[PDB]
Amino acid sequence: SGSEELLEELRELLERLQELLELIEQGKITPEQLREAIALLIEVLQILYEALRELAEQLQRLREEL
Amino acid sequence: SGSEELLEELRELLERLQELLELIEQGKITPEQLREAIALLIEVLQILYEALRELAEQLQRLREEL
Amino acid sequence: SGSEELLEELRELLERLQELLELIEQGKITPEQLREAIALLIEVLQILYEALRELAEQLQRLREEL
C-alpha cells in the first residue's frame with residue numbers, strides 16, 4: 001500500500017535516530033547532534049502522521065463498506 | 001470519527017513544528033526554541049498515541065465482528 | 001492483541017515524558033533532562049512505529065480477506 005512506502009522512510013530515519021539515541025545513552029552527544037535528533041524526530045513524526053491519516057481513511061471507508 | 005479530531009490537533013501542532021524544523025535547518029534556533037520544540041513533540045506524541053489506541057480498538061472490535 | 005502490549009510501553013514512557021513536559025512548561029528543565037527527553041522520544045517513536053506497522057499489516061491482510 002501507500003502506508004508501506006511511508007513506513008520505509010520511518011525505518012531509515014529511525015536507524016539514524018537509533019544512532020543518536022546510543023550517543024545519548026553513552027553521554028557523548030554534541031549540541032549539533034542534539035539539534036539533528038530534534039529535526040529527525042520532527043521529520044519522522046510528519047511522516048507517521050500522514051501514515052496515520054491514510055490508515056484512518058482506509059478504516060472509515062471500510063466502515064462505510066459494511 | 002474521533003480519530004479525525006485528534007488528527008486536526010496533530011496537524012496544527014505539526015505546522016509549528018515545521019517552523020522549528022526550518023530554524024534547525026537554517027542554523028538559527030535558540031535554546032528556548034529547542035525547548036519549545038521538545039515540548040511540542042511530546043504534546044503531539046501524546047495525541048498520536050491516543051489516536052493509535054482508538055484505531056486499534058476499532059480494528060479489534062471489527063475483528064470481533066467477523 | 002500485540003499492538004496492545006506495545007501501547008502499554010508507549011503509556012509508561014509517556015508518563016515520564018509528561019513529567020519532562022511539565023518541567024519545560026515551568027522553565028526548570030536541565031540539559032541532562034533535555035537529553036533524557038530526547039532519548040525517551042526516540043524510544044517511544046520506535047515502539048509507535050512498530051505498532052503502526054502491525055496495524056497496517058492487519059488492515060492489509062483483512063483487505064485481502066474480502
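Throughout, a chain's letter reflects where its sequence line sits, starting with A, and its residues are numbered from 1. Just so it is clear, the values below take in all heavy atoms, side chains as well, and ignore hydrogens, waters and symmetry mates.
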One should read off an interatomic distance between A/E12 CD and A/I47 CD1, to the nearest 0.5 angstrom, of 13.0 Å
Got B/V44 and B/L41 here, is their nearest side-chain heavy-atom distance under 4.5 Å? no
Closest heavy-atom pair and its distance - B/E54, B/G2: OE1-C, 3.9 Å
Mind checking the CG-CG spacing from A/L20 to A/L34? Nearest 0.5 Å is all I need. 8.5 Å
B/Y49 to C/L7 - nearest heavy-atom pair and separation: CE1-O, 3.5 Å
Taking it one step at a time, do A/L21 and A/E25 satisfy side chain to side chain contact (heavy atoms under 4.5 Å, CB included)? CA-CA 6 Å; A/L21 170 62; A/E25 292 171 339; 3.9 Å; yes
One should read off an interatomic distance between B/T30 OG1 and B/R35 CZ, to the nearest 0.5 angstrom, of 8.0 Å
Steps toward side chain to side chain donor-acceptor pair (under 3.5 Å) verdict (A/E22, A/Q18): CA-CA 6 Å; A/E22 297 166 346; A/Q18 170 73 23; 2.8 Å; yes
Rounding to 0.5 Å, atoms CG (B/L52) and OG (B/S3) come to a distance of 9.0 Å
Quick check: closest heavy atoms across B/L17 and B/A37, and the distance to 0.1 Å? CD2-O, 3.7 Å
For the student: nearest non-hydrogen atoms of C/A56 and A/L55, plus distance: CB-CD1, 4.0 Å
Heavy-atom distance under 4.5 Å between the side chains of C/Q46 and C/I42, does that happen here? yes
Within this structure, what is the CG-CD distance for the pair C/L62 and A/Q58, rounded to the nearest 0.5 Å? 11.0 Å
If you take all heavy atoms of A/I24 and C/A39, which pair is closest and at what distance? CD1-N, 3.8 Å
From A/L6 CG over to C/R53 CZ, what is the distance, rounded to the nearest 0.5 angstrom? 13.0 Å
